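A.B. asks: Kindly return the folded structure for what I paste below:
(chains A, B and C)
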Amino acid sequence: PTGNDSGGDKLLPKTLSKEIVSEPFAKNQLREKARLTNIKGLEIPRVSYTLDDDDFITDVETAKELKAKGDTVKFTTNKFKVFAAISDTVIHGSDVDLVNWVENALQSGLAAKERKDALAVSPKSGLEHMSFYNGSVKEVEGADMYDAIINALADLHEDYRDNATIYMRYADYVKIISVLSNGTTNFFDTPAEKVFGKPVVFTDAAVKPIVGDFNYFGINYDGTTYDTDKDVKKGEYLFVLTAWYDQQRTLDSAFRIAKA
Amino acid sequence: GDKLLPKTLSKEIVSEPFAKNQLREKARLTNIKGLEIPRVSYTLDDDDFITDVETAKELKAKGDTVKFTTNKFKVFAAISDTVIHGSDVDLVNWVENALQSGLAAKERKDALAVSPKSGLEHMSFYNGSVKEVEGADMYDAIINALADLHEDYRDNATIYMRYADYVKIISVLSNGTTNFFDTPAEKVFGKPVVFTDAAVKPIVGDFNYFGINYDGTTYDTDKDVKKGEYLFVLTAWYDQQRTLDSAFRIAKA
Amino acid sequence: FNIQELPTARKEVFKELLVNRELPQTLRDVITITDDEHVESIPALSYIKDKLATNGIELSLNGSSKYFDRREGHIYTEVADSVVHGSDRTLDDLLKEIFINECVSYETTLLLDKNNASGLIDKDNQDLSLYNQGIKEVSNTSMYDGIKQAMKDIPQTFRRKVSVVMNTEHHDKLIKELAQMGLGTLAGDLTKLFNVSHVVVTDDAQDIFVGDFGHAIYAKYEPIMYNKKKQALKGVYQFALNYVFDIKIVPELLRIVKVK
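C.D. replies: Numbers count the residues shown, from 1 in each chain, chains lettered A, B, ... in the order given. Below is the structure in question.
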């Protein structure tokens, strides 16, 4: 007997990887529309332009927040840490997870950190100003979800309306169809752009449908540092990363809530 | 004459695959020998969290490593002798079809099984480790599970169920109307659907974690003189397992 | 690919092997056989039926779709030990002693046995019993007088070629019935007593047959494969042959006899 060499590998399928790979474990839906930046210190003005003398008074809101906040907007560093842990046996069983499993892991950790803070029902202290549900947004009231979303569009200023975008959970988009069942017709096949009249994105964390011009919302990552170390006694490698970011709303009056 | 005979004639035989396993579409698939992987990849970023859940108990119960354990099986071809010599069939590809189809539905058998048949216990989703959640209707039961699934696993969820169960729920969502006759199954649950008959009861989960390993194979030939047959056997070893039990839940009436 | 065809130059060894007349007591002495692949139907059928049609008789299609069908035949043996195979000559003559005996015996069971369309003979090989074929009977008390009546209802065209089959239990009889009526010296020379050719006697046959077996019981054999294998636990080999055969009947030329 020479060995366990055989011709079965041809019979074996062709999809076999020969090394490990996987998907993004988590993602942040908000990165589609929001801005994204890498600048060290970032400062922008809040109000883009003002027209000539014949301007009807600027909406009462913008008078208030602009007066209180000031003309500029501060992007202020805030820390966090992402971890990764690989036991020692896993290293010494001929597999290559050093290269891909960690990048798949750490990059996902950045995304879940964002979406957790923005859509936080009850944010942690020191990071209240980031969330959209911390407060300081007006909750309109529709009889149902369909009425609340359309009324919320009716509330905010028209410039923001023209560029507005809706985020919501998909299950709520089913319930509005059941009332718009209308017997014969079925809007399961229809897209969602054409019901409300504007783009839509689906996300499971977003409780109360939020809406506004996501031009204004923005994020910035200033710096990072990547490290590794062995806990000798417990026999586990580690791969850690850190960074500082912040995300703020250029103008709170834009983004509004829908509620039953 | 032989021209007046049609000329689409083939001279050779082929066939489509006899059976295949649907879980290969979404599951992981490997070749590694003595494979190991971690259970959880990114641990929690911040000091304070509420995400502690029965998943934590699961990881406490069993090590952070993942052990793939060899398990034996075997497949047979069982052609006869007259077929070889009494004609020039040239079926050499045909047997190749049966073999790699053989190993396939072996997975479909044990991974979806009511009786786990000791030694094959830890691989069937109906073993009992997974949870069970209930709803009034099959449609309600499937969505009720999705409420359970943690945010990590909900976002890349996937459903498996038998096609006949999709047909009964759409009828009651309808009212004796043939207006649903083209609705893709994704649109009504909000996630990808896949169909196979063997799944009695629905399942739902992420399926980045359900992983497969084929470690080695061996192929050889012989004759059975008494019956004339050639056998053309194939034997190999494989393991499958769920990385965590909070990933894959069950619906029910 | 691995399989190798049996060399054609080795095949004709087995063609003359399957068909052989050397043995004493078989219907193979009288019936027609061949080994030609091309022939598809009884070759002489046309010259027969018109000559029968000269008489009031003509054929009923007792065999459906005259074109042959391929029925299977199988052999199996186990040599005692390699010591037999260590030598050469005694081996080679041993095999031919077996096959001829087995092949010849097997067709003989299908035709004459009282198994009568059931039981030991496979249901696949279940029509071909002559009792099951539909021949008309002749009867008489005296067996000597009995078969004169049956040789003579034959068409006189083919009466010249006829042959009788008989059991030894019947053979002991008539020489007794003769002695009482005389012609003892004539007895022991059956061919003279009844003008016939090729009188036959065996023991497997149960009842007396008459008819031109030269034209009625055409058959053909064709080999396929000869296999060989070692078996290491025991000292034995596993030799075997499997072939294809088929056969036909024309019952009008035949007549059975049944004495009381």
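A.B. asks: okay, which residue is most central for chain A?
C.D. replies: residue A:30 (3.2 Å; Cα atoms, centre = their mean).
A.B. asks: ok, that residue touching residue A:114?
C.D. replies: Yes: here residue A:30 reaches residue A:114: they are 7.1 Å apart, a contact under Cβ atoms under 8 Å. For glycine as for every other residue, the C-beta is placed from the backbone atoms N, C-alpha and C.
A.B. asks: sorry, back to before: tell me the secondary structure of the residue nearest to the centre of chain A, please.
C.D. replies: helix (DSSP: H, G, I helix; E, B strand; the rest coil).
A.B. asks: Look up how far chain C lies from it.
C.D. replies: 61 Å (Cβ to the nearest Cβ, to the nearest Å).
A.B. asks: List the residues that contact the residue in chain C that chain A sits nearest to.
C.D. replies: With Cβ to the nearest Cβ, the shortest gap between chain C and chain A falls at residue C:2, namely 12.0 Å. Contacts for residue C:2 (Cβ atoms under 8 Å, 6 or more residues apart in numbering or on different chains) come out as residue B:221.
A.B. asks: And the longest helix anywhere in chain C, what's buried?
C.D. replies: Counting by DSSP state H, the longest helix found in chain C is helix C:89-112. Residues of helix C:89-112 classed as buried under the neighbour-count rule (16 or more other Cβ atoms under 10 Å in any protein chain shown) are C:99-100, C:103-104, C:107-108, C:110-112.
A.B. asks: Looking at those residues, spot the one nearest chain B.
C.D. replies: Closest to chain B, out of all of these and judged by Cβ to the nearest Cβ, is residue C:99, at 15.2 Å.
A.B. asks: got a list of what that closest one touches?
C.D. replies: Per Cβ under 8 Å, 6+ apart, neighbours of residue C:99: C:17-18, C:75, C:241.
A.B. asks: Quick check on these: which are buried?
C.D. replies: Counted by 16+ other Cβ under 10 Å, the contacts of residue C:99 give C:17-18, C:241 as buried.
A.B. asks: and which of these is nearest to residue C:171?
C.D. replies: residue C:18 (29.7 Å; Cβ to Cβ).
A.B. asks: In contact with the closest one, which residues?
C.D. replies: C:35, C:99, C:103, C:221, C:223, C:243.
A.B. asks: okay if I get these as TSV plus distance to residue C:197?
C.D. replies: Compiled in TSV, these are given as follows (distance: Cβ to Cβ, whole Å):
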residue	distance to residue C:197
C:35	24
C:99	29
C:103	25
C:221	25
C:223	31
C:243	30
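A.B. asks: Of all pairs in those residues, which one spans the longest distance?
C.D. replies: Maximum distance among the contacts of residue C:18 (Cβ to Cβ): 14.4 Å, for C:35 and C:99.
A.B. asks: returning to what we had before: following the longest helix of chain C, which helix or strand shows up next?
C.D. replies: Using DSSP states H and E, the next helix or strand after helix C:89-112 towards the C-terminus is strand C:137-140.
A.B. asks: Could I get the buried residue list for that next one?
C.D. replies: Buried residues in strand C:137-140 (16+ other Cβ under 10 Å): C:138, C:140.
A.B. asks: counting contacts, what elements does the helix or strand following that strand pack onto?
C.D. replies: Following strand C:137-140 in sequence order, the next helix or strand is helix C:143-152 (DSSP H and E). Here helix C:143-152 touches strand C:137-140, helix C:168-181, strand C:208-211, strand C:254-259, going by 3 or more Cβ pairs under 8 Å, 6 or more residues apart in numbering or on different chains; DSSP states H and E.
A.B. asks: sec struct for residue A:116, please.
C.D. replies: Classified using three-state DSSP, residue A:116 is helix.
A.B. asks: Any figure for the gap between it and chain C?
C.D. replies: For residue A:116, the distance to chain C - Cβ to the nearest Cβ - is 62 Å.
A.B. asks: Residue A:158 now?
C.D. replies: Residue A:158 is 78 Å from chain C, by Cβ to the nearest Cβ.
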